[PDB]
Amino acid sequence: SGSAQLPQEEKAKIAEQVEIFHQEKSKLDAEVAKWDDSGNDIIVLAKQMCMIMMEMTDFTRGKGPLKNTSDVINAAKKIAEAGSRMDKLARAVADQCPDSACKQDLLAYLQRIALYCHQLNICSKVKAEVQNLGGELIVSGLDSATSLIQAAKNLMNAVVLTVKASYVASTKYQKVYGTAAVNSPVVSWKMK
């Protein structure tokens, strides 16, 4: 034996946070659906980050390929690696951008991505523990899954904003320097 289901209250709070997460995920799907991700690794990395975040939130609902805390920790580290790669590419977009306010916006969103990848790493431990409290041995940390989902939602939101700001910064470069700029855009935005 040795196992028990989460209290029904906790299962309810989880399905509630997962719904909020799914609404942020829809924003990313809508944004990414416009573009052909050939020649745009920011889109590819965003889709990969999104897919892994879906695995992590599915874990909290008893779904998907992640079975234990170790898998969830490894998923968070993969998200962080992808965010590190998106960061390097979007930094080059921002450097190429001729508008200082679009550039600053984009760089600030990248710092948000770094912070939220780190916070997702922290929450991926989904810690439970026993403690001696109130004259009983109790199991604490049962709401850790909810912190995980909210950290995923925060990261999803920053990825959405970063993808949009990368597009905006790209169009400023082309508007100013033309489609005939000698240096090609770091990333291309072609419709689907």
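Residues carry their position along the shown sequence, with the first being 1.
- Comparing 5-13 with 178-186, the stretch with the higher mean C-alpha B-factor in the PDB entry is 5-13.
- Look at the mean CA B-factor for 47-55 and for 31-39 in the entry; the higher one is 31-39.
- The top Cα temperature factor in the record, among 138, 163, 123, 152, falls on 138.
- When the Cα B-factors of 72, 101, 117, 110 are read from the PDB record, 101 comes out highest.
- Residue 128 sits in the middle third of its chain by CA B factor, as recorded in the PDB entry.
- Among the modelled residues of its chain, residue 146 has a C-alpha B-factor that falls in the middle third, as given in the PDB entry.
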